[PDB]
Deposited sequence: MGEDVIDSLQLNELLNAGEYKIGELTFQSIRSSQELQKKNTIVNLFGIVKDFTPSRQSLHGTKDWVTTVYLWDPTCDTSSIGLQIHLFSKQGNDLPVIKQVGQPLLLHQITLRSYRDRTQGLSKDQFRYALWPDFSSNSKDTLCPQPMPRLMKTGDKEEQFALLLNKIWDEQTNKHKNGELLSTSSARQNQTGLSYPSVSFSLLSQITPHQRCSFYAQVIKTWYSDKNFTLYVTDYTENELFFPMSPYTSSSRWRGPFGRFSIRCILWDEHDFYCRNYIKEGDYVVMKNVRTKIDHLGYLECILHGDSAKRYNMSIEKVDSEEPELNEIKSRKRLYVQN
């Protein structure tokens, strides 16, 4: 179980006679497009179907996970393509181990993305942990690979590791552009508007890329903290409706799996986009004032009172 971890945590590894990369590493935003070989498990998949525009290629889309990501993340987005016919992976159920030889990574919308090479191969195993015995179904020949002994071990582990496991919290000083992160914070300020909800929140730790709140402005109802101790969060859709008249100035919140972003004028922000498709599993929820996880915040607050 650990021999798996050990190789993964390197970022790159090898089975049979070819070299893999882990998912987390691979999610690195590479500007230059490179040739990767992947192995993980299908946390989400679409049916193969012909695409309607351009070359109109056959296309299935999948999200490969491994232990270098948290159990919350679906993982790396990969679109597989076939110009030659419908020889794409026939995926039954989640938790199927999937190897993918000869995929490319390419960044888009500030998110690293898999795109398959024309001559891509794959190999696919069942969801061993399922009661159902038919979780693999027969696969199109053209793009298979006869997998060796070692990789079939790997497959049973990944399904096990996944099955058991189905977060990592930061201070606000520790968050950087374009990441998914989780944190406790107290609310300083809110602003509803027609089109969204906004929270200004803090854990009383300075982040370079936060706005510097002046003590010297006139007629501000912000009483503190001053400088770069507060992030703005923007809640869309369901997150708006739940918080708009629920979360209030001075509440202590815990926010899970939010996405960070630099706004137009160059300050780091939090976005919770609407997420109907149960994909990102982000949350924001009130925390009881006397909780032990909140006392590090309270203490820090004395130091800026």
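Engineer: Write out the missing regions of the deposited sequence in sequence order, one range per stretch.
Structural biologist: Unmodelled stretches: 1-7, 174-198, 338-339.
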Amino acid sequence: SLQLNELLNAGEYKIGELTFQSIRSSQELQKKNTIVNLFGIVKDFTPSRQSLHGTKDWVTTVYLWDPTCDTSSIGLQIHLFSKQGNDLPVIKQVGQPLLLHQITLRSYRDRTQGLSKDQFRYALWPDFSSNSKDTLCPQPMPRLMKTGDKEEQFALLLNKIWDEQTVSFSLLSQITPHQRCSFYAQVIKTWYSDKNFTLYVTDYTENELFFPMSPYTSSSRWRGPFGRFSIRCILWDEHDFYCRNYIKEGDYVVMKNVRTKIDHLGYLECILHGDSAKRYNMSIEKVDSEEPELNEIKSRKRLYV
From here on, numbers count along this sequence of modelled residues.
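Engineer: Comparing 255-263 with 64-72, which stretch shows the greater average C-alpha B-factor in the deposited entry?
Structural biologist: Going by the record's values, the stretch with the higher mean is 64-72.
Engineer: Mean C-alpha B-factor higher for 236-244, or for 35-43?
Structural biologist: The stretch with the larger average C-alpha B-factor is 35-43.
Engineer: Name the one of 157, 181, 172, 137 with the greatest CA B-factor according to the PDB entry.
Structural biologist: Of 157, 181, 172, 137, 157 has the highest C-alpha B-factor.
Engineer: Per the PDB entry, which option out of 119, 214, 202, 107 has the greatest Cα B factor?
Structural biologist: Checking the PDB record, the top C-alpha B-factor among 119, 214, 202, 107 is at 107.
Engineer: For residue 97, return the chain-relative third of its C-alpha B-factor as stated in the PDB record: lowest, middle or highest.
Structural biologist: Ranked within chain, residue 97 CA B lands in the middle tercile.
Engineer: Based on the deposited C-alpha B factors for this chain, I'd like to know if residue 207 is in the lowest, middle or highest third.
Structural biologist: For residue 207, whose C-alpha B-factor we compare with every modelled residue in the chain, the answer is the lowest third.
Engineer: Comparing residue 28 with the other modelled residues of its chain, is its CA B-factor in the lowest, middle or highest third?
Structural biologist: According to the entry, residue 28 has a C-alpha B-factor in the chain's highest third.
Engineer: Once the chain's modelled residues are ordered by C-alpha B factor and cut into thirds, is residue 53 in the lowest, middle or highest one?
Structural biologist: Residue 53: CA B-factor falls in the highest third of its chain.
Engineer: Could you tell me which third, lowest, middle or highest, the C-alpha B-factor of residue 125 occupies within its chain?
Structural biologist: Ranked within chain, residue 125 CA B lands in the middle tercile.
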